[PDB]
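One chain is shown next in structure tokens, namely the form deposited in one PDB entry.
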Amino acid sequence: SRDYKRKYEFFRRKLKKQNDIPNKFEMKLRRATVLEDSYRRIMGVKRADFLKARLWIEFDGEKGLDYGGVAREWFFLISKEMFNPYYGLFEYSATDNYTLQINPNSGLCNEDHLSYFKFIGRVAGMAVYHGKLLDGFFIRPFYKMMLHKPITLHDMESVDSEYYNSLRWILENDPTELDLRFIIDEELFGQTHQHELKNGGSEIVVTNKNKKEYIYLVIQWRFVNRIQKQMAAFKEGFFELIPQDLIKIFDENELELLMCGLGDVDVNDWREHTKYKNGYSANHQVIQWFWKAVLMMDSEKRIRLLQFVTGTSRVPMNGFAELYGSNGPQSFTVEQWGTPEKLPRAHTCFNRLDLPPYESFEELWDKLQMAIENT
């Protein structure tokens, strides 16, 4: 089979251009109401295929800009809004994670919530159709639901590890003597909430004979049952732009990468194909601290550092041994430039981090992550 790169190019060949469509899609929005205005237009088009036209976007009556860049800005701005937990469509999967899942209480904000999921679906499809990325990472089960792949216990590990270990225990041992029932206790607002996994579930005991069912119903309750209509509205919109036949070529990792640009970076591969100049070296103290800092950063923040130094996020194929700059090949490198008072600067055309010789690890962390806060 093909690898991701060939897969993508194959996918692009199959995604045929739209003939029977106006040569552009005009929408004029206002930054302060970018959600309401984007929604109204994109959900108002005669046909979804109008969205496949080249994107002619205009913010606030500001006339005369490069539409390839204004659109990229829109994808960034509309993502920020759609995926803000304030609105109640999406919420963080856990207190300790940066990943997003559908909020099952979405309907309480807005009775009309489902049509907003279709909108988000269309915009996601538009990102994929025109080759731009959404700004936001979803939980793995979001990506599997899109591909109609089964949600597994393995998918619980990435989200909630303590809960995954209780269910793995149950899987690997006989739970009969625990006297567990076909119910789920949930903690909300400092109260206990018990839900039937099935009819008369409180009176049915979990054993080795029915536990595979048990684990399945749990996983469903956690990731599917309360969010079926929302996801189904999101998919309808998404599939109005990308035929679901075509998306099945990718698996859940490749799909995340396609839509959003993961998100899973081997820091060892990063470290062993790096150069050092202007006094720095493989074992210099400042460089040790740099590699410590990177190690402890969020996989989201590691990428935002890579975006800053490279140009955009997209680790090359075969790892960091084949990184390219502007003119030909260019390995990731660090140069001892400037003085501790100034932040680090990046030359994207030479994939190089100009890094001052800082005196402390925490100073390095302070200055490095300030200079990343821009993209």
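Just so we're on the same page, rigid core means the largest C-alpha set that superposes within 1.5 Å between forms. Residues carry their position along the shown sequence, with the first being 1.
The following text describes the form deposited in another entry, which does not appear among the structures shown.
Rigid core superposition between this form and the one not shown: residue from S115, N225, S299, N84 with Cα shift of 2 Å or more:
Single residue meeting the criterion: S299.
Would you say whether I21 is displaced between this form and the one not shown, judging by a C-alpha shift of 2 Å or more on the superposed rigid core?
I21: C-alpha displaced by less than 2 Å between this form and the one not shown.
Rigid core aligned, does the Cα position of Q101 differ by 2 Å or more between this form and the one not shown?
No, the C-alpha moves less than 2 Å.
Given a superposition on the rigid core, I'd like a yes or no on whether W337 shifts its C-alpha by 2 Å or more between this form and the one not shown.
Yes, shifts by 2 Å or more.
With a shift of at least 3 angstroms, figure out whether the C-alpha spacing between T312 and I78 grows or shrinks in the other form: closer or farther?
Compared with the shown chain, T312-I78 is farther in the other form.
Taking the cut-off of 3 Å or more as given, in which direction does the distance between the C-alpha atoms of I139 and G319 change in the other form, closer or farther?
Distance between the C-alphas of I139 and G319: shorter in the other form, by 3 Å or more.
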